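Visitor: In the entry's author numbering, the protein residues as written are 9 to 226.
Cβ coordinates follow ideal geometry from the N, Cα and C atoms, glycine included.
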RNA sequence: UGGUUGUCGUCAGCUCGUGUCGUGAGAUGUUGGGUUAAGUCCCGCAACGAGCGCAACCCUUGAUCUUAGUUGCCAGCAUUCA
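#1: For residue 1, I'd like the list of residues in its chain whose CB is within less than 7 Å of its CB, leaving aside the five on either flank, ordered along the chain.
#2: On the three-pair Cβ rule with 8 Å, is the stretch 167–175 touching the stretch 83–102?
#3: In the DSSP assignment, the alpha helix (DSSP H) including residue 114 goes from what residue to what residue?
#4: Determine the DSSP secondary structure at residue 126, reduced to helix, strand or coil.
#5: Is the beta carbon of residue 182 sitting closer than 7 Å to the one on residue 160?
#6: Following the continuous alpha helix (DSSP H) through residue 176, name the residue where it begins and the one where it ends.
#7: Can you have a look at residue 36 and say buried or exposed, based on whether 16 or more other CB atoms are within 10 angstroms of its CB?
#8: With a CB to CB cut of under 7 Å and the five nearest residues on each side skipped, what residues in its chain are close to residue 216?
#9: Considering only the beta carbon of each residue, do residue 84 and residue 69 sit closer than 7 Å?
#10: Looking at the structure shown, is residue 221 part of a helix, part of a strand, or coil, going by DSSP?
#11: What residues match up with residue 151 in a beta bridge as DSSP calls it?
#12: Between the C-alpha atoms of residue 205 and residue 22, what's the straight-line distance to the nearest angstrom?
#13: So, at 6 Å on beta carbons, what are the nonlocal neighbours of residue 56 in its own chain, with the 5 sequence-adjacent residues on each side left out?
#14: Report yes if the C-beta distance between residue 202 and residue 213 is below 7 Å; otherwise report no.
#15: Helix, strand or coil for residue 30 per DSSP?
#16: Can we count residue 55 as close to the ligand PLP, meaning its CB is less than 6 Å from some heavy atom?
#17: I'd like the span of the alpha helix (DSSP H) that includes residue 85, first residue to last.
#18: Measuring alpha carbon to alpha carbon, tell me which residue in 118, 61, 73 and 152 is nearest residue 140.
#19: Taking contact to mean at least 3 C-beta pairs separated by less than 8 Å, is the stretch 30–49 in contact with the stretch 126–144?
#20: Using 8 Å for Cβ pairs, my map puts residue 200 next to residue 185. What's the rounded Cβ distance?
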């Protein structure tokens with residue numbers, strides 16, 4: 009935790025005052041997070057995840073900030089989960105049935121590549137379908153398998169993910185968020201007080217969630 | 001009066017499903033940054049996708065191939081006014 013710079017929160021000027029129950033002192037116009045709480049928070053979350061994984065849950069890892077794109081992919085894949093690391097599509101869950109059309113289409117344009125319909129009707133048509141396979145292999149690349157609604161989210165910087173958070177909260181699905189000092193901690197069900205704006209920081213905290221999925225898999 | 005004629009005939013962009021925002025009328029999608037002859041296309045983006053119109057569909061022509069060689073063709077052979 010001290011290792012990565014988790015403790016190091018954001019600037020003092022642009023903070024959420026609902027956060028100071030996880031803040032421990034400032035330095036150089038920047039709040040610092042009390043890791044003692046994070047210890048006891050990462051705890052509850054590890055438990056929460058593993059209590060959800062063994063039920064038969066699915067977790068979506070939503071981190072489209074530059075610092076958390078690789079982590080979210082790699083860590084979701086490691087724990088055979090889902091993820092969004094490019095853009096959360098307005099209505100991923102609230103309009104899931106429409107996103108289920110594209111989760112189809114994509115797989116079907118992938119089947120056209122397999123069976124052999126890309127040397128039948130070529131010219132404009134196959135260029136079109138490949139460039140459409142790629143739009144769907146950018147945006148729906150991680151929820152590609154997601155069959156039923158995710159049963160919890162793992163959001164990173166829930167201020168960038170305002171739109172993810174509000175879909176989750178609409179459908180009464182919990183949200184395990186890595187919250188900074190500039191984040192409303194009431195939206196998030198399982199808060200994890202940490203820096204989200206460092207790559208090492210995220211990469212550590214993301215790992216432990218996927219660890220709890222793999223610990224119930226064993 | 002029917003019907004048929006002249007005469008404002010391309011000239012402009014319109015919408016939907018689901019989702020979301022709004023008490024609501026509404027909004028978004030379809031305001032953004034480029035780009036195109038364009039009602040174009042790509043990137044965006046709380047939207048994700050689609051429809052209509054446009055264009056196409058029908059007819060004609062430019063290249064080629066396959067099938068069909070007769071009453072059409074004669075290159076290469078016999079004839080010859082042909």
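Guide: On the basis of the coordinates in this document:
#1: This structure does not reach residue 1, given that the chain is present from 9 up to 226, and the question cannot be answered.
#2: yes
#3: Stepping through the first chain from its first residue, residue 114 is reached at position 106. Its alpha helix (DSSP H) spans residues 104–123.
#4: Within the first chain, numbered from 1, the residue matching residue 126 stands at position 118. If DSSP states are grouped into helix, strand and coil, residue 126 belongs with coil.
#5: Translated into the one-based positions of the first chain, residue 182 becomes position 174. Translated into the one-based positions of the first chain, residue 160 becomes position 152. Cβ distance < 7 Å, so residue 182 and residue 160 count as in contact.
#6: Mapped onto the first chain, residue 176 falls at position 168. Counting along the chain, the alpha helix (DSSP H) containing residue 176 begins and ends at 170–178.
#7: Taking the first residue of the first chain as 1, we reach residue 36 at position 28. By the 10 Å Cβ count, residue 36 comes out exposed.
#8: Counting from 1 along the first chain, the entry for residue 216 is found at position 208. Closer than 7 Å at Cβ, skipping near neighbours: 50 and 54.
#9: Residue 84 sits at position 76 when you count from the first residue of the first chain. Residue 69 sits at position 61 when you count from the first residue of the first chain. Result yes, Cβ atoms of residue 84 and residue 69 sit closer than 7 Å.
#10: Taking the first chain and counting its residues from 1, one reaches residue 221 at position 213. If DSSP states are grouped into helix, strand and coil, residue 221 belongs with the helices.
#11: Along the first chain, one-based indexing puts residue 151 at 143. Bridge partners of residue 151: none, in fact.
#12: For the purposes of this step, residue 205 is identified with residue 197 of the first chain, where counting begins at 1. For the purposes of this step, residue 22 is identified with residue 14 of the first chain, where counting begins at 1. Approximately 14 Å between the Cα atoms of the pair.
#13: Numbered from its first residue, the first chain carries residue 56 at position 48. Closer than 6 Å at the Cβ level, and outside the excluded window around residue 56, lie 198.
#14: Start at 1 with the first residue of the first chain, and residue 202 comes out as number 194. Start at 1 with the first residue of the first chain, and residue 213 comes out as number 205. Contact: yes.
#15: The residue given as residue 30 occupies position 22 in the first chain. Of the three classes helix, strand and coil, the one that applies to residue 30 here is coil, per DSSP.
#16: The model depicted lacks the ligand PLP and carries no ligand whatsoever.
#17: Stepping through the first chain from its first residue, residue 85 is reached at position 77. Here the alpha helix (DSSP H) through residue 85 covers 77–86.
#18: Here residue 140 is taken as the residue at index 132 of the first chain, counted from 1. Among 118, 61, 73 and 152, the Cα nearest to that of residue 140 is on 118.
#19: no
#20: Counting from 1 along the first chain, the entry for residue 200 is found at position 192. Counting from 1 along the first chain, the entry for residue 185 is found at position 177. Indeed, because the Cβ distance is near 7 Å, the residues count as touching under 8 Å.
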